[PDB]
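This report concerns only the one structure given below.
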Protein chains: 6
Amino acid sequence: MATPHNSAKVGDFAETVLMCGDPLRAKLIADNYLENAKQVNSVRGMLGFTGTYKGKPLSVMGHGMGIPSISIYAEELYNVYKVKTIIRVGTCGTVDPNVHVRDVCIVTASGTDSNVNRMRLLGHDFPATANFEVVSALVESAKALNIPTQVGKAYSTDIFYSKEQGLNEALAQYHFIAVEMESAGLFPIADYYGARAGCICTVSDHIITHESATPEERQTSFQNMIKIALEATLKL
Amino acid sequence: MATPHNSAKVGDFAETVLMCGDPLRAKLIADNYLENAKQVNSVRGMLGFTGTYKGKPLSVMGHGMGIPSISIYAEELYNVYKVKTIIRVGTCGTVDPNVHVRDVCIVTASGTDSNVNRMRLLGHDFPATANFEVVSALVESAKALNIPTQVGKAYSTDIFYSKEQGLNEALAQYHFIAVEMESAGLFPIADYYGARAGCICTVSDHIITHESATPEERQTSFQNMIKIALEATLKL
Amino acid sequence: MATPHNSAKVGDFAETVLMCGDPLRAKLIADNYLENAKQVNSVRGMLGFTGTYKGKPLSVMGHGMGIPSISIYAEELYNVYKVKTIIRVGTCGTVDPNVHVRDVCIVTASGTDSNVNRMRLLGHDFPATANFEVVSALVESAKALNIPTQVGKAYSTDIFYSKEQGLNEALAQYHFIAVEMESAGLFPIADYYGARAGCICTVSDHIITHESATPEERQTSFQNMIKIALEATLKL
Amino acid sequence: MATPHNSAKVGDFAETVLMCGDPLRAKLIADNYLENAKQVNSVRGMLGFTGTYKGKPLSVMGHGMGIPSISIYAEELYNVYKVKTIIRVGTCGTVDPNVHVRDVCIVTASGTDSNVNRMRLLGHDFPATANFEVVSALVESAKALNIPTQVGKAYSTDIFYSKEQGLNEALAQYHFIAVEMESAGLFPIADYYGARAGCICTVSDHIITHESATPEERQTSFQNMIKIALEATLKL
Amino acid sequence: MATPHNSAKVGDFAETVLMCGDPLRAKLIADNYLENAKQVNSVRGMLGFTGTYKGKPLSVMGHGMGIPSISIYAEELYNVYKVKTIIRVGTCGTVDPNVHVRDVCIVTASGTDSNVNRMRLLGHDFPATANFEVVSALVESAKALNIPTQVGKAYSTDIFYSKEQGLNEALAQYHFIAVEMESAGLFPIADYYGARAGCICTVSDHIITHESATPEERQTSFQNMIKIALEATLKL
Amino acid sequence: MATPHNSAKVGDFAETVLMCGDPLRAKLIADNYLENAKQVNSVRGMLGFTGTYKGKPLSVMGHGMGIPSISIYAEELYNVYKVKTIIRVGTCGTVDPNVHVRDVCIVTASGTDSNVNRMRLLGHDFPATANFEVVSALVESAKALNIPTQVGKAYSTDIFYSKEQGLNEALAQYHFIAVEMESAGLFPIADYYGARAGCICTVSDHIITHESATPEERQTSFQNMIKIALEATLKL
């Protein structure tokens, strides 16, 4: 195998890859939006696919849950498979008082409670920062689709089942728009390989107000977000 | 769904659960060692199963890669599914000079470069410690099967593709026997719920000498380890 | 006085302020690029001015050297003077192998060795992140002026006379494009007040190769950068 | 002298040493439980003794209060005196809701607010972990003596007169069974020398309920603990 | 220019330099308390002067606000200008129950929330400590002038506009007498160059009780402090 | 007993106490320098004595080895026994290029690798600072005795048997004059109780050059140091 976690051969991934946490959602994206899709990985059930979107090569693959998991898959894609651009597509919570369930959030940089980025920069603050060309492609794609977007900071946590008091309130005070679990691990790996990464997420829950999206609202949100991402890949 | 990551109903999991990173390995364990095994989860491809081993209810499920991933699944198993004992079964590297490829390592406690345990104990050192009854059950099971074991410390890292200089040498000097990515997140969650956890791993690689197990040797080591874990479940 | 560090009255500052470290450079900017200019602050010699650029009111003020200094002035400008946008205009070093002396760098986010942002976010990683509208306005203004730009991360240090081994090589590995001393302190304050900030710098020195801009090159670069910033204010 | 802190000659200590904080308690142990006893150290009043228990050579020595103090004595015992096993015998508080005054606690691993173990492992989490053969010998000795035991985590603090809010409640939540001041410093030193260590303590106080052992209860529990430790040495 | 921040020639600064944050206060000191004063620096508006006090050469110069700013100027004064002694003269707040507005505080050592001193001593606690000859000269000069003094610890913060809860109360508990923003950065630089530094401040505000000196009181206490500092320079 | 570690009754200690690590040296000081000395404590062998020196009440007591040990005894002395001044008297190593074996070092402040002071000041830098009146009394007493002294910083380590690379060289660069194990824990406790503390040590070893005092030289150094300390108590 080309890597311990991927059975794809070199060349089996396009230079642009969408990634989501759930491998079954990766399969949904390939089936519904990729032309001439071909499954290229099934190791550990982490399905990945390669085909085209509007004539341009494009891949989609699951990355699992958490920074350690996306770090494995993204490091391999950039290093072994020579990927140039990864766009993470997912869902998030929000704490921001001006962000609402169903909003589309385009991430410019992400904080974290993980140690992985301090360990890369001699213990200092290393901002996990999206590539500007990627952010701009997502923003402009949404503008062309007449879909409004929130643009700003995410926060990537190691702990889904948080017990931490005061965190949500501090995140809200500094206008973090998205809370998820992976983006802060992706962007520094792109940096290391001279490559590009971004993230776009739809708000499923407001963590402060407790508003929540219905399953139908989540479907429409996903459809908006994935079309934004797909159209962005044509400009990248 | 009972949890955002598991389609099982309460009661679908036995009180004892073996967990490995790869859901396809969980299916192999259920197929080959569990009687009357039924699949109880498929969400995100993270296959879980429930059957019996020598008459006693037992489950097996994948937990994904990394502390954040196992934390989600273990928190849900203890909290929602009322599991009482989780034994992680997997592979590891070693840096210890007196430990060799194919050795079976039983983990008493695990260090980490993750922040998750400092955040549980006001920033202090919180040892991720296996339950003594679980450790002893594994040790005695291996004795009955005439399989030698190494017993001691593991180290759980967030970063599979380590670039850290000096780490391996310090781990070796203090006789850490296993390097993996999850056990340090499992043990404190078991503590939180007043439950039990342990870990057993087989050495696939020596990180210092660079010895490595042939695919046939890894099959033999896996069969040894899983028999130890399965027989231990009868005493727990 | 409206603040302990500023003699201006509320309203004396325009809603957009350009800031540089040297107050005499703020005077040079007012003298050479603003019409209708008046001095509005002289406290501590930290000269500030308000005039117009192509008809639109604009202010320019020194911020002194280091995160604590810019934090004082920016907190006051957003809170007391009701400023909406601050753009830092400065010089920097670079470590990036594809960035050269004379280059104009537009900052998307900034790392730091300061503690000020950990203290804002319960000790976690808080990325000091530029406002996307400001970044975009700078990028588009440079394109319209036919000036190439580098876009990416800065690193803000507390110590001008660094003695730290290994830092430059790590910054280079992750493609930090600018090394300066203030931007990481500015962006979180803008966040706190729900306001906007950005930073644009010209490269005076390559920290790795030791190339250094001549006096003539520094004048060329300054004239490019300040025109980019001034034209961007018209779109903000 | 063979060390700066010990007047004993190499060979004067048996390969197994019981250690307690108070040198006058080391003397009580020698006087009441060792035959053929000889005093082998008087330096700094830190009395140490060597004799026999049921025919087998055994030493007992004070270690003073705190991690720095036990670290000096244990480093010397392993390095200079070639000791193979140190068992700490002490008293502790408890926070655990199912542990009571009078209980005997056998320590599997120890947390701490000391920096000494982070400094051994490149700033990471290093669990101070008891040797499994020692833990098991103590557990089986107690079973053979018909004495129930609690087995689990300790917490070693640098500060006897704690002023820290919320600590006790977090220790209780994760079921720490013993609070004392030394074991977290002993176990990594044993690791460094490829040797063995353990700890057994009697509960003098419940930190949450404020129950406290009477002098009679402290005698009963001491008699239990020391007999467990002594009988365990015959198996080690 | 001899440094990037100073137009003075080597020799233009006397061996002893008084420094205050505001360059216009440096000018006031030179104009009203030095004889034969001449301006030796105007770069960045950071006025510096050299004259005499009672016939002995003495310089005074602004240092700007915050540890990064004073670090630049002090490093240059010791390294390039061969200054032997720097005395910071400033104002402060106090939290100490036994210190009041108007009091003159002589600093023996300074705490901080800056990272600059940990970075100098391998991450450990490095006390920013005033030189004993300087402290003693200030104490003895005040005694000869019949001016009472408080002698003790300062705290240097990076953040003028503090939002930190509990800090003032902890500083009060341990009898910190002065809160300011620079001295902790000065003392270690003096150590590095084998030179001398001290700090003397007047209390403008009581941070706990909210008492505040009137403008007249601030002038009277400034006059006391500057006379102490000037007379101390004759003993140094 | 009035404390868990001291059998003295309230009033049995004088307001001034000399403390050293070795209780047998406390007894030597009492026997050779105090008049009408009475032993007031022998709990844990930590001998303490009270008598007079040149007519003035004075006590001497051992404090054991390390910050946790001295913290217990000093906290009790200030809180229960109402002690006003503690002077630690001991030996040290040095790293400073202009400090030599046999030198007398008077400590103004102490660094540390302990966590105890960060935990007192919300994780910030808290300088362990000697009381200026105590420092001055020691300096002046040595002047009157014509004994040269070095005055400056100490470093208090938790680990006698250091394995840390680069520490000694950094301590030397910043002119730390004494390396020992206790003073950084003493000074903040004196602060807490509104009391006074200092430290004086003689250099037994040069850590860089490896020079070492002979036993006879250590005796003469001790005699010089203890006379300085005793004479200083008359001024306090």
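Each chain in the structure tokens gets a letter, A, B and so on, in the order shown; residues start at 1 in every chain, and ligands are counted from 1 in the order they appear.
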What residues in chain D have any atom no more than 9 Å from chain B when counting only C-alpha atoms, and can you write them as a PyMOL selection string? chain D and resi 108-115+117-118+120-132+135-136+151-153+155+166-167+170-171+173-176+188-194
Restricting the output to C-alpha atoms, write the selected residues as a PDB file, in the first residue's frame.
ATOM      1  CA  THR D 108      -1.089   1.947  40.719  1.00  0.00           C
ATOM      2  CA  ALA D 109      -0.039   5.412  39.423  1.00  0.00           C
ATOM      3  CA  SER D 110       0.256   8.961  40.768  1.00  0.00           C
ATOM      4  CA  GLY D 111      -0.633  12.398  39.478  1.00  0.00           C
ATOM      5  CA  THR D 112       1.095  15.529  40.660  1.00  0.00           C
ATOM      6  CA  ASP D 113       1.368  19.308  40.607  1.00  0.00           C
ATOM      7  CA  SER D 114       5.163  19.006  40.464  1.00  0.00           C
ATOM      8  CA  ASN D 115       7.131  19.806  37.313  1.00  0.00           C
ATOM      9  CA  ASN D 117       8.087  14.510  35.358  1.00  0.00           C
ATOM     10  CA  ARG D 118       7.294  16.960  32.580  1.00  0.00           C
ATOM     11  CA  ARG D 120      11.843  14.181  32.112  1.00  0.00           C
ATOM     12  CA  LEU D 121       9.635  13.749  29.024  1.00  0.00           C
ATOM     13  CA  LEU D 122      10.057  16.891  26.906  1.00  0.00           C
ATOM     14  CA  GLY D 123       7.175  18.664  28.640  1.00  0.00           C
ATOM     15  CA  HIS D 124       4.632  15.900  27.964  1.00  0.00           C
ATOM     16  CA  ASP D 125       2.446  13.804  30.289  1.00  0.00           C
ATOM     17  CA  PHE D 126       4.600  11.124  31.969  1.00  0.00           C
ATOM     18  CA  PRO D 127       2.537   8.872  34.262  1.00  0.00           C
ATOM     19  CA  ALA D 128       4.318   8.041  37.494  1.00  0.00           C
ATOM     20  CA  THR D 129       3.447   4.349  37.413  1.00  0.00           C
ATOM     21  CA  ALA D 130       4.047   1.628  40.009  1.00  0.00           C
ATOM     22  CA  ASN D 131       5.724  -1.600  38.969  1.00  0.00           C
ATOM     23  CA  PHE D 132       3.106  -4.284  38.328  1.00  0.00           C
ATOM     24  CA  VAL D 135       1.412  -3.822  43.031  1.00  0.00           C
ATOM     25  CA  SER D 136       0.453  -7.476  42.603  1.00  0.00           C
ATOM     26  CA  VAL D 151      -6.315  -0.160  44.472  1.00  0.00           C
ATOM     27  CA  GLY D 152      -5.973   2.906  42.265  1.00  0.00           C
ATOM     28  CA  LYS D 153      -4.564   6.356  41.653  1.00  0.00           C
ATOM     29  CA  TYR D 155      -2.021  12.369  43.746  1.00  0.00           C
ATOM     30  CA  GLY D 166     -11.750  22.951  42.984  1.00  0.00           C
ATOM     31  CA  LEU D 167      -8.862  20.474  43.149  1.00  0.00           C
ATOM     32  CA  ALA D 170     -11.839  17.058  40.444  1.00  0.00           C
ATOM     33  CA  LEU D 171      -9.760  14.367  42.168  1.00  0.00           C
ATOM     34  CA  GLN D 173     -14.709  12.971  40.182  1.00  0.00           C
ATOM     35  CA  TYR D 174     -11.945  10.820  38.667  1.00  0.00           C
ATOM     36  CA  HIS D 175     -11.733   8.528  41.724  1.00  0.00           C
ATOM     37  CA  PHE D 176      -8.267   9.280  43.022  1.00  0.00           C
ATOM     38  CA  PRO D 188      10.026   7.641  37.368  1.00  0.00           C
ATOM     39  CA  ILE D 189      13.340   7.308  39.200  1.00  0.00           C
ATOM     40  CA  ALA D 190      12.803   3.567  39.445  1.00  0.00           C
ATOM     41  CA  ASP D 191      12.048   3.617  35.702  1.00  0.00           C
ATOM     42  CA  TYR D 192      15.310   5.439  34.963  1.00  0.00           C
ATOM     43  CA  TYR D 193      17.318   2.757  36.766  1.00  0.00           C
ATOM     44  CA  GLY D 194      15.349  -0.179  35.347  1.00  0.00           C
TER      45      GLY D 194
END
Please list as an MDAnalysis selection string every residue within 9 Å of residue 231 in chain E, counting only C-alpha atoms and excluding residues in the same chain fewer than 4 positions away. chainID E and resid 53:54 137:138 141:142 145 226:227 235
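Closest to residue 232 in chain D among D:101, D:18, D:177, D:47 is D:18, based on only C-alpha atoms.
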Mind the document's chain letters and residue numbers, and return as a PyMOL selection string the residues of range 91-151 of chain A that DSSP labels alpha helix (DSSP H). chain A and resi 132-144
Which residues come within 7 Å of range 82-94 of chain C, counting only C-alpha atoms, excluding same-chain residues fewer than 4 positions away, as a ChimeraX atom specification? /C:14-20,77-78,99,177-180,195-207
Find the distance between CA of residue 148 in chain D and CA of residue 211 in chain D and write it in Å to one decimal.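 According to the coordinates, CA of residue 148 in chain D and CA of residue 211 in chain D are separated by 19.7 Å.
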Can you pull out every residue within 10 Å of range 70-73 of chain E, counting only C-alpha atoms, but drop anything in the same chain fewer than 3 positions away, and send it as a ChimeraX atom specification? /C:65-66,158-161 /E:3-6,19-21,46,61-67,76-78,88,116,181-189
